């Protein structure tokens, strides 16, 4: 009869043998945390290896990303579709077992980790999703949404700033079904971490012997009854060819690499209990569907990530309405306008801002999570990684707003949205020197380019309300990647368009103003600079010059268009091209090459009123004409 320790040692054996064979990786977390995992996964975790997408499974997040063999071991041992051959391919090209866990490519991996601090943030988001979805959907006698979020984290995560942001907020929102296990395994890190977490309003369980199954169980039982999120502080000491063989022998583990005894597999396998757990929940879901069929249909739709059947038609009708009202407003107001039309169609939208609001917004709070808007406070990074967790969890389409400059605080989370191919919607306001007096520390220059070079991210910089509506629609309908929607503080004039041009906004780049025959000059512009481009077009046309304005609200989408469409907008034979954008010039060589010109920014901004800054930096009619004159 295998002991708990023998079963935990299977995780230790597989981890160290996998690392050894790959000659790469680190068996830290699995060595230290295996006994904790054996209790947690065998005695508490509700999950079905046959269906890792069961909507009411418990969520487990390994924030110590480097501990990847811990999760691969657990998934293999408990019966997921991850075999011994996968473990022997750890860290090899296109294996199912990459060096850090990657959501999508591996059955049972709930998020992509590696960058420290973000795992715990993702877990915070998942626990938030569960709490909100439960408050939205649960009814008397039908607790259909009801599961825990368990996370493992280490010293690295605790040192990172993002831990402070997301633990603080988790405390304020009372995410009592978030239960985190800190691997306190042991010059630069002396925090009293338990006291710090009490300051956030968490319950803390101190000094848990991480190699004692009775202590671990007692802590977990306490945490599962908590009214607050709980941090279980686990003291561990196990861990680190000769060193491996020594430790392996000390553990009393005699078996050859990758061989696990049949009774150990039997005691780890979760297919039997897992089947029964999901079947029991399916029975409760059917009861819910009978008693509340409208809700239940909405829940399923939302869990699938499907939009309402008529959203596309209503949204295109809305885009057309806007194109007819023809207002001149800040793209920031057009965004709030789009949310006002789209919000009431999309009960799955979960908005917020790093403290955006439309008429039906209702803030979530600890006492009442049935809302649809989160006040994240001054926590840009934490907001972003939380939104990743919300998106992974299912049930919502999250969006989150801050100033474009503070994208930089959240930069790696934005990158992770893209890497994981999640539909997370970033709203970045105050997009340029147009913000005026706040000055160079707040004025973006290089940030648009940073977003545009992020793979799988779409960045929309709408020239007016019509393009703002198209951008939101497109972002919402994009299920397989994130979008960043960039808005001005200042007013943007409505642009005239025919039906076909409004349609072509969705192609990322299109002809807004044209000449009869091949243009002598092409003005490419985005966002708040399209209006200036149109002025230059007006003026230059009066001189008999054959000019075209191309509005480029989304470069990544434009690039995805077919060769013949691209030739129709930016013909390869017209080298006389001028890009106009209040952002870093260097990006635009992609579109004007070495034969064209760029009217952009090549320095930091200044603290002055916007009109004075635009004058100062050359975003004037006169300067554009001069550049054209020089170029032609």
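Numbering follows the first chain given and starts at 1.
Peer 1: Might you work out how many residues are unmodelled in the deposited sequence between residue 105 and residue 106, and answer none, 1 to 3, 4 to 9, or 10 or more?
Peer 2: The entry has no unmodelled residues between residue 105 and residue 106.
Peer 1: Please count the deposited residues lying between residue 440 and residue 441 that the model leaves without coordinates, and give the class: none, 1 to 3, 4 to 9, or 10 or more.
Peer 2: Per the record, no deposited residues are absent between residue 440 and residue 441.
Peer 1: Looking at the deposited entry, does 422-430 or 284-292 carry the larger mean Cα B-factor?
Peer 2: According to the entry, 284-292 carries the higher average C-alpha B-factor.
Peer 1: If you average the Cα B factors in the entry, which is higher, 575-583 or 23-31?
Peer 2: Higher mean C-alpha B-factor in the PDB entry: 575-583.
Peer 1: In terms of recorded Cα temperature factor, pick the maximum from 592, 62, 55, 37.
Peer 2: Spelled out: the listed residue with the top C-alpha B-factor is 592.
Peer 1: Of the options 147, 415, 196, 545, which has the highest CA B factor as deposited?
Peer 2: Out of 147, 415, 196, 545, the record gives the largest C-alpha B-factor to 545.
Peer 1: Select lowest, middle or highest to describe the third in which the CA B-factor of residue 495 falls within its chain in this entry.
Peer 2: It belongs to the highest third of the chain when residues are ordered by C-alpha B-factor.
Peer 1: Please rank the C-alpha B-factors of the chain's modelled residues and tell me whether residue 187 sits in the lowest, middle or highest third.
Peer 2: CA B-factor rank for residue 187: highest third.
Peer 1: Pull the Cα B-factor of residue 13 out of the PDB entry and bin it into the chain's lowest, middle or highest third.
Peer 2: For residue 13, the deposited C-alpha B-factor lands in the lowest third.
Peer 1: Taking the C-alpha B-factors as the PDB entry records them, is residue 217 in the lowest, middle or highest third of its chain?
Peer 2: Tercile = middle for this residue's CA B-factor.
Peer 1: When the deposited Cα B-factors of this chain's modelled residues are ordered and cut into thirds, is residue 454 in the lowest, the middle or the highest one?
Peer 2: CA B-factor rank for residue 454: lowest third.
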